[PDB]
Protein chains: 2
Amino acid sequence: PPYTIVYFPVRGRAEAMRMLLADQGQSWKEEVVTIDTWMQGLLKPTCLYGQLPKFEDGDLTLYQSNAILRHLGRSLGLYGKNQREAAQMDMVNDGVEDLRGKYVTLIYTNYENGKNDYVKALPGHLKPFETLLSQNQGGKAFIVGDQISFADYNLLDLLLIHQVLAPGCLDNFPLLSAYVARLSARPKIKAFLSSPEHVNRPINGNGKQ
Amino acid sequence: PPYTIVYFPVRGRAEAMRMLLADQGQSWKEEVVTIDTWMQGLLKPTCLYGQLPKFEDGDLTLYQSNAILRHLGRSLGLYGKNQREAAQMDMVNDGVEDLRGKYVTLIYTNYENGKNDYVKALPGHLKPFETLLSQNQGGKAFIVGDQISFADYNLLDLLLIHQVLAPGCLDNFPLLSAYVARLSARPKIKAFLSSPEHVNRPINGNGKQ
Ligand SMILES: N[C@@H](CCC(=O)N[C@@H](CSCc1ccc([N+](=O)[O-])cc1)C(=O)NCC(=O)O)C(=O)O
Ligand SMILES: N[C@@H](CCC(=O)N[C@@H](CSCc1ccc([N+](=O)[O-])cc1)C(=O)NCC(=O)O)C(=O)O
């Protein structure tokens, strides 16, 4: 710390790290970049991969949303208790990111013509996570183990935006449903989900959700 | 241990971990799954995400190539000397994974009509790595720190296949060129890169490269 988040005025790839920080009682500076400013072409070229979010831990400057989540999980005790749990949380996060990539393409490239096909293919993309919970204390604890990890925050965030995109996508996934309701109930999480910062912030940058 | 790689008869997303295991003097078993066997649909459903590669490390089974690479780095000491380097390495690997994703898209879904555009845009995608090396000991060591890490193996593999796709794409990147030659010169990698198993394995599933 101190933490600073440089990103567009949307939840997108910054919301999971925001929940994580919040749930851990951490504070951070918010450096919002409007599309207008972005198109000026002054910030983009100074970005490692020419993209946001950009993360600053004071001395360390980072890019790549998942790399940032992993850094936070590792430097905050949210990365499992051993090497086996760490490997599994990664396997989980990788799956979360694959689905997120598809979500983004849909939202920004073919919402109208693709949504119908997306929602229909969604169940087969959620099952792997339902299966992971069943194999872990009947799905009573977390995605991996019994302690909140950076992978949970990413998964939770991914499931929440999908419930918005398709209201009943978790109806056939008991474990995931309760899992979502539970984590959301967590004091600082529930509070984060109701804060104006979050509430007023659009999920995506094109007004689609 | 022991180590077992379950994947199609190609290098693709398994060559980097193989090269990694090779440079560490480690041996492993290969369970080659053919296209005809995969089409039977017996194995696919047993995969967490319905895809390969599948990795077995003793009683630990893993899916997702980058999760597998991270597991090996952590367990074999190829994940930096501290948190700062670990975060930096994930930032690199994620970058490598974004370009790999685009590479696969070109190869499998738009090779003939998109290659020109891809190669023309490639310099912009390689610049970040050149930059990363110049900021680390002037670029005489590795991608992050003074010790080889899982990120190097993934980047090295990606760079090698891009030289096959676009001969001389590293001509305008002195650090990245010398980097490849340097790492490819490592005795164990030098041997792997010329080993029959590696050589006899096509780069991708459709023969295009
Ligand atoms: N792998 C990278 C992917 C980053 C990425 O896609 N970044 C987008 C923003 S998230 C998606 C997004 C797009 C637009 C808005 N907006 O408000 O206009 C918000 C979010 C970006 O920087 N785009 C700028 C560019 O490439 O030039 C990661 O995980 O961090
Ligand atoms: N994010 C996952 C992506 C995995 C992936 O794309 N897997 C492909 C194989 S690598 C790309 C590939 C495709 C085809 C061949 N082939 O020989 O026919 C080889 C490699 C797959 O399992 N496809 C089967 C399916 O989805 O049903 C990861 O990083 O591991």
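Deposited coordinates in this entry are attributed by the record to X-ray crystallography, at a stated resolution of 2.200 Å.

Naming follows the PDB entry, where chain A appears as Glutathione S-transferase P 1 of Mus musculus. For the record of chain A, the UniProt heading Subunit holds the text "Homodimer. Interacts with CDK5 (By similarity)." Of chain A, the UniProt comment under Sequence similarities reads exactly: "Belongs to the GST superfamily. Pi family."

> Go over the interface of chain B and chain A, please, and point to the residues and values.
The interface is formed by 29 residues belonging to chain B together with 29 residues belonging to chain A. Taken together, chain B and chain A are joined by three salt bridges. Taken together, the links from chain B to chain A amount to ten residue pairs in polar contact. Secondary structure elements with two or more residues in the side of chain B that touches chain A: β4 (60–63), α3 (65–76), α4 (83–109) and α5 (111–134) of chain B. In terms of residue count, α4(B) provides more of the side of chain B that touches chain A than any other element does, eleven residues in total. Split into classes, the residues belonging to the side of chain B that touches chain A amount to 14 nonpolar, eight polar and seven charged.

Here is what the cut-offs are and how they apply
Residues numbered from 1 in each chain as written, not as in the entry; some residues may be left out. Chains lettered and ligands numbered in written order. Heavy atoms only, no water. UniProt positions renumbered as here; feature names shortened; annotations may be inferred. Contact = heavy atoms within 4.5 Å. Salt bridge = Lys/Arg side-chain N within 4 Å of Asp/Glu carboxyl O. Polar contact = N/O pair within 3.5 Å; in protein donor to acceptor, adjacent residues only side chain to side chain. Helix = DSSP H or I, 4+ residues; strand = E, 2+ residues; numbered from the N terminus. Nonpolar A, V, L, I, M, F, W, Y, C, P; charged D, E, K, R; others polar.

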